[PDB]
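Form deposited in one PDB entry, single chain, as structure tokens, below.
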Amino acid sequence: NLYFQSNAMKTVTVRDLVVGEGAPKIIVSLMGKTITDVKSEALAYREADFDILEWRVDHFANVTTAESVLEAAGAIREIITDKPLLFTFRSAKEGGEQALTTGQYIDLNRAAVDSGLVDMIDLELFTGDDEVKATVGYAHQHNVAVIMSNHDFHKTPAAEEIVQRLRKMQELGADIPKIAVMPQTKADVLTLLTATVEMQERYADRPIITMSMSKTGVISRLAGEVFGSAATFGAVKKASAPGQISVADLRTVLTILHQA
């Protein structure tokens, strides 16, 4: 599992994929309740064009059973063999389907890191600073990269607050700070982009991932190359968050912008 990190070039390289270089990378979210459902979805996703596979563990029914989680991850790794695998338990208040105690959520990520089956984990910043910092270090001890994340599905904080949150993620050791916000106005989309630019140019020594959700915020999913967001989420069969477009349409736009 070794991944690379170049602070000077602001890149994170996982499975030969250079996040932070060139056109933004496409992340898709795989959801399945049972082990066989995860296999089925992995076989379907193997036919799609994406760069990073995110397993949304909060959609899995047996999330507190260690052996079941490990079996599902192994199944994905056996089907999708050449793309980085990102392990994400999204909490209900951050956009997901389930909620765990802080301890259960650490056990779960701990076990994912230990297995060697996943290349990256997602850690929610709000989990708690001590908890998060320790877990980041642990992931790094095992050659697992961390996407640190924060999501607001109702509003867009001020740009200064968005920047500060991305700076803290970096301070806590996130390899890739990530923030998703919801616009209530057209200007809010621009606020998210402003924060992206400011963070990326003034403070980051690594890639960042940002997005303004809903149809109104779609542009933020497409303009990463210019504004400084290193990856973007697309939909394979169904959108996992408001505003995602199909992977095919997303790749089309990213390519056009890259070659403009």
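The first residue of the shown sequence is 1; numbering continues from there. Here, rigid core means the biggest group of C-alpha atoms that superpose within 1.5 Å across both forms. Residues that one form lacks are left out of the comparison.
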### Message
Per the record, averaged over C-alpha atoms, which has the higher B-factor: 47-55 or 190-198?
### Response
47-55
## Note on the structure
Entry B factor averaged over C-alpha atoms, 23-31 against 61-69: higher for 61-69
### Task
Among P183, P84, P157, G128, single out the one with the highest C-alpha B factor in the record, please.
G128
### Summary
Based on the PDB entry, the highest CA temperature factor among the options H142, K168, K178, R77 is that of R77
### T13 by Cα B-factor - lowest, middle or highest third of the modelled chain
middle
### Task
Tell me, lowest, middle or highest third: where does the Cα B factor of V113 rank within its chain?
middle
### Message
Ranking every modelled residue in this chain by its Cα temperature factor as given in the entry, which third contains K215?
### Response
highest
### Entry-reported Cα temperature factor of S240, expressed as the chain third it lands in
highest
### Message
Going by the CA temperature factor in the PDB record, which third of the chain does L257 belong to: lowest, middle or highest?
### Response
middle
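This next part talks about the form deposited with a small molecule bound, which is not shown.
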### Message
Can you tell me if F60 lies within 4.5 angstroms of the small molecule in the deposited complex, counting non-hydrogen atoms only?
### Response
no
### Message
Check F153 for me: does it contact the small molecule in the deposited complex (non-hydrogen atoms, 4.5 angstroms)?
### Response
yes
### Query
Taking 4.5 angstroms as the cut-off for heavy atoms, does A180 touch the small molecule in the deposited complex?
yes
#### Entry: the small molecule contact at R221 in the deposited complex, heavy atom, 4.5 Å
yes
### Query
With the small molecule left out of view, which of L192, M213, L53, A230 would have a heavy atom within 4.5 Å of it in the deposited complex?
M213
### Which of 169-177, 184-192, 73-81, 145-153 sits within 4.5 Å of the small molecule in the deposited complex, heavy atom basis
145-153
### Summary
After aligning on the rigid core, stretches of three or more residues with every C-alpha displaced by 2 angstroms or more between the shown form and the other one cover residues 238-242
